[PDB]
2 protein chains.
Amino acid sequence: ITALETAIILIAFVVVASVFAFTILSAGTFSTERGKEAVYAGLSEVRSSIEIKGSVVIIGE
Amino acid sequence: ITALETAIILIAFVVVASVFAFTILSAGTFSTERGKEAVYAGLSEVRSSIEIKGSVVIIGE
């Protein structure tokens, strides 16, 4: 007797673990993507800049 | 577990540096502009003298 039912719980747990493992794999991929994008965005902002060259001229009507 | 955690803290520190960096850039531009005004202001004052020519005359009522 004891042999047969042990099989059922045996399958039941591995299926749950596999489904959980699949979710972690998908979740981990999204997290890394978000982190990578943040670094690229930060570097772009620091680099961009404008400076004024020469004197300012004003024209009277 | 440690992977998912580390992404969240990592983004937090990058954003803080980005905001701090932006503040420095804007702050530094103001300082340079103010320093430049002083030199032009100083030079203008030195050359703006005036001089008396001739003799002084008084008219009797």
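Below, each value reflects all heavy atoms present in this structure, side chains not excepted, and no hydrogens, waters or symmetry copies. We name chains A, B, ... by the order of the sequence lines, and we start the count at 1 in each one.
Applying the 6.0 Å contact sphere to CD1 of B/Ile8 captures no more than 12 heavy atoms from other residues, nucleotides or ligands.
Contact between A/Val46 and B/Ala21 at its shortest, heavy atoms only, is CG2-CB, 4.1 Å. Taking each heavy atom of B/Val39 and B/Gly35 in turn, the nearest pair found is CG2-O, 3.7 Å. Among all heavy-atom pairs drawn from A/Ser48 and A/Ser44, the shortest one is OG-O, 3.0 Å. Among all heavy-atom pairs drawn from A/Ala38 and B/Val14, the shortest one is O-CG1, 4.3 Å.
The CD1 atom of A/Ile50 lies 12.0 Å from the CG atom of B/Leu25; values are rounded to the nearest 0.5 Å. Here OG1 of A/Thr32 is found 9.5 Å from CG of B/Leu4. Values are rounded to the nearest 0.5 Å. B/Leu10 CG to A/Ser31 OG: the interatomic distance, rounded to the nearest 0.5 Å, is 11.5 Å. The structure places CD1 of B/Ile24 at 10.5 Å from OG1 of B/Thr29, a figure rounded to the nearest 0.5 Å.
Applying the salt bridge (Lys or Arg N to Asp or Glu O under 4.0 Å) test to residues at least two apart or on different chains, the pairs with a partner in residues 18-38 of chain A are A/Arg34-A/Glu37. Pairs of residues two or more places apart, or lying in two chains, never qualify as salt bridge (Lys or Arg N to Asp or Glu O under 4.0 Å) while including a residue from residues 39-60 of chain A.
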